[PDB]
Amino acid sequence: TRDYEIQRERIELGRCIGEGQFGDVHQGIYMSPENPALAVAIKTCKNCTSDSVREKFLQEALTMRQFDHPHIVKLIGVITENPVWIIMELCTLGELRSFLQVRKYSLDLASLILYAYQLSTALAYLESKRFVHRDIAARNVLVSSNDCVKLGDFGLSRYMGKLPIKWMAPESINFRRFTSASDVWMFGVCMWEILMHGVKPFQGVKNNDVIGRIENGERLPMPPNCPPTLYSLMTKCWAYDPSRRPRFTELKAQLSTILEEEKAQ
């Protein structure tokens, strides 16, 4: 059985790398008991002296302990004594949206397709574990290296806060139905975000008006330079009827073909 509780004396806290919902997040080192020292992200919790806040903070770490996939951020462990910390693997290049925005004129198309392919393998793995992510968006993706992205936020995930309406499948908005097919819809939006270099979907459109546009058959437009076969795949993720959406295993196979076709120019 994997380690869950880890010793604070084995963590060296480094620089602050941003803010989380419960408190600041720092970069650091985990001095692994039998392996080399690992670079980690240490999530801190400001009010975790309250066991009620501690329970909410640790809920995501409980979910993460069940996963082991190369394109899903790894939980290293937690420290339940005050101050409560969640120790994740560090993805050195940070948040996907910022990374793509900064490199909009330098990242080749094959890298953007590779990120979408890697994410489809992580979502097929989640489906195989009976989890619905419910929050698939570029903001929840992290960059380990130029050729490796990882799904890193599991706050809304469920073993089967403001709603991300602009990413949600119509049956999720209308009936609170969350399935692997509704994750496919969200993944289509996340692929659109990657191909748009981190631009958000439906900018300047009110959340309450998104519903109407989707219901009327309106969809996110073809990103400039997106291969037509890839945009067609995105539109299939946005079929109104969830039964007409592709499955994650089909998305993975089709993205592999699209990636291969781009690498051969």
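For every residue, the number given is its place in the sequence shown, counted from 1. Each form is matched to the other, and the largest set of C-alpha atoms that superpose within 1.5 Å is called the rigid core.
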Quiz prompt | More shifted region, core-based fit in 8 other deposited structures of this protein, 202-210 vs 229-237 by CA | solution = 202-210
Practice problem: Please pick 249-257 or 13-21, whichever has its Cα atoms farther from the shown form in 8 other deposited structures of this protein after a rigid core fit. | Solution: 13-21
Quiz item: Checking the other entries of this protein that model its neighbours, is residue 176 missing in at least a third?
Solution: no
Quiz item: Taking the other compared PDB entries with both flanking residues modelled, is residue 161 unmodelled in at least a third?
Solution: yes
Exercise. Between residue 160 and residue 161, determine how many residues of the deposited chain lack coordinates; answer none if the chain runs continuously, otherwise 1 to 3, 4 to 9, or 10 or more.
Key: 10 or more
Exercise. Name the higher of the two by mean Cα B-factor in the PDB entry, 103-111 versus 165-173.
Key: 103-111
Self-check item: Residue stretch of maximal mean CA temperature factor, 82-90 vs 184-192
Solution: 82-90
Quiz item: So among 210, 41, 233, 222, who wins on Cα B-factor in the entry?
Solution: 210
Self-check item: For residue 238, the third of its chain into which the C-alpha B factor falls
Solution: lowest
Quiz item: So where's residue 29 on the chain's Cα temperature factor ranking, which third?
Solution: lowest
Quiz prompt | Relative C-alpha B-factor of residue 255, binned into the chain's lowest, middle or highest third | solution = lowest
Quiz item: For residue 120, does the deposited CA B-factor place it in the lowest, middle or highest third of the chain?
Solution: lowest
Quiz item: residue 153: which third of its chain by C-alpha temperature factor?
Solution: highest
